[PDB]
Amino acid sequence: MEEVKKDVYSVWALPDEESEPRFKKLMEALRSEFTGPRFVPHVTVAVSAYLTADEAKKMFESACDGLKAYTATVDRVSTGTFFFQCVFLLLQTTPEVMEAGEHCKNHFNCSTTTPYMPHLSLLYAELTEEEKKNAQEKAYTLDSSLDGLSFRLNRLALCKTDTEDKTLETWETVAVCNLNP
C-alpha cells in the first residue's frame, strides 16, 4: 500500500476574469454587513468521497479535459436554511450547467446526493429570517442587475474541503485548470 492519506474533495467551476470581481465585490460587501468568512466565488459541480491525492489528481485531469468552458445565468438572489446556503445566486438549470455537474460527478465517482441546484454562494452565515431577508435585499441594492446576469465558468478548482467546517479554514485549493472554450 502506497498512498494512505485520503480526503474529501470538492470540485469548483470558477467565474471568468470578467465577472469574478463583480462577485467578490458583492461578497465582501455582504459579509462586511452580515459578518461571515471570506471565500472565492464558485459554482460547485461535485463533492467526492475519500480519495488519495493521486486519485484526486487523476479524476481532476479527466474532468478538466472532458469539460468545456460553459456559462451560467443568474435567475435571482435566493436564501437558504443553513450556513452554506444563506444568500446565494440561484442559477438557471440550463443543459450545459446541469451536464457540467453530471459529468464532474461522473469523473469523481460521486454518490447520489440531492437534486443539483446550481448556485454561486454570496454569503455563508447563520442569520435570522429577518437578517436573511435583509441580506437578500442588500445584494440587489449593491447590484440591481443581478437577475439575468450570465457569466463564464472557464476554470475548475480542485479543493480539499471539510464540507462541515464553518470557518472555511480547512478549505484549500489544490489545483486549478483551464477549461477549453
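Counting begins at 1, following the sequence as shown.
- Two stretches are in play, 161 to 169 and 5 to 13, and the higher mean C-alpha B-factor belongs to 161 to 169.
- Stretches 135 to 143 and 64 to 72 differ in mean CA B factor, with 135 to 143 having the higher one.
- The residue among 150, 44, 121, 35 whose C-alpha atom has the highest B-factor in the PDB entry is 35.
- Across 52, 154, 112, 48, the greatest Cα temperature factor reported in the deposited entry is at 112.
- Remark: residue 30 belongs to the highest third of its chain, ranked by C-alpha B-factor as recorded.
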